[PDB]
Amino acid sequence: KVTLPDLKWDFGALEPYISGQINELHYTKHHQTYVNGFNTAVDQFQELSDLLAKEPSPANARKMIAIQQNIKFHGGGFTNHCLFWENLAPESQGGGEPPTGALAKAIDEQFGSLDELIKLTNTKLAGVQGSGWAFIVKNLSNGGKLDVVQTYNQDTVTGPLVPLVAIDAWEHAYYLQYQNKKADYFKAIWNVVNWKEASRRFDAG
């Protein structure tokens, strides 16, 4: 069923900001594990669904409840990393270039400048007390306004919050290169953020 996506850059294309060593593990091992876990979880739930169809008991319901956590976690890991690679690019492919169009206008109007939005996001990233993510989002329910939200583990933004830029704050995203110095990673990553993709996501809603 679900598979790893293809990359638009080889593993070392984001150096010196993110190492090829990190990207290789992050994609081939971490992302793949979420792919596998999500495939497995949805399979198990199909099976339990059929079991419940013939025997709709509290006992059968309990097992379904048990599996929904793995659907959430692995589904989240699958989708978050897909967002992540797609909002990263080498400088040679426009990584680090500022956003355009309606997204650029909204950023200036709401935050004053891109740098102010990046500062806010770095504060949110440093504030993740555990594993998690920060997302720059477009909120479709309050007039399409930008915000920045944190999630923990592989929780994600759904429904009316549209993700524009995802930034991974799990330690595996930086530890081999930056070790404990997560703030240096949060600072560096903007040099390869694909704001063209964020602008397209803002438009597509």
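We number the residues from 1 along the sequence you see.
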When mean C-alpha B-factors in the record are compared for 96-104 and 124-132, the larger belongs to 96-104
Mean C-alpha temperature factor, higher of 192-200 and 6-14: 6-14
Which of 150, 142, 154, 44 ranks first by CA B-factor in the deposited coordinates: 44
Among 176, 67, 137, 167, highest Cα B-factor in the entry goes to 67
Among the modelled residues of its chain, does the C-alpha B-factor of residue 48 lie in the lowest, middle or highest third? highest
How does the C-alpha B factor of residue 146 compare with the rest of the chain: lowest, middle or highest third? lowest
Could you tell me which third, lowest, middle or highest, the C-alpha B-factor of residue 54 occupies within its chain? highest
Report the third (lowest, middle or highest) to which the CA temperature factor of residue 172 belongs, ranking only the modelled residues of the same chain. lowest
Ranked C-alpha temperature factor of residue 162 among modelled chain residues, by third: lowest
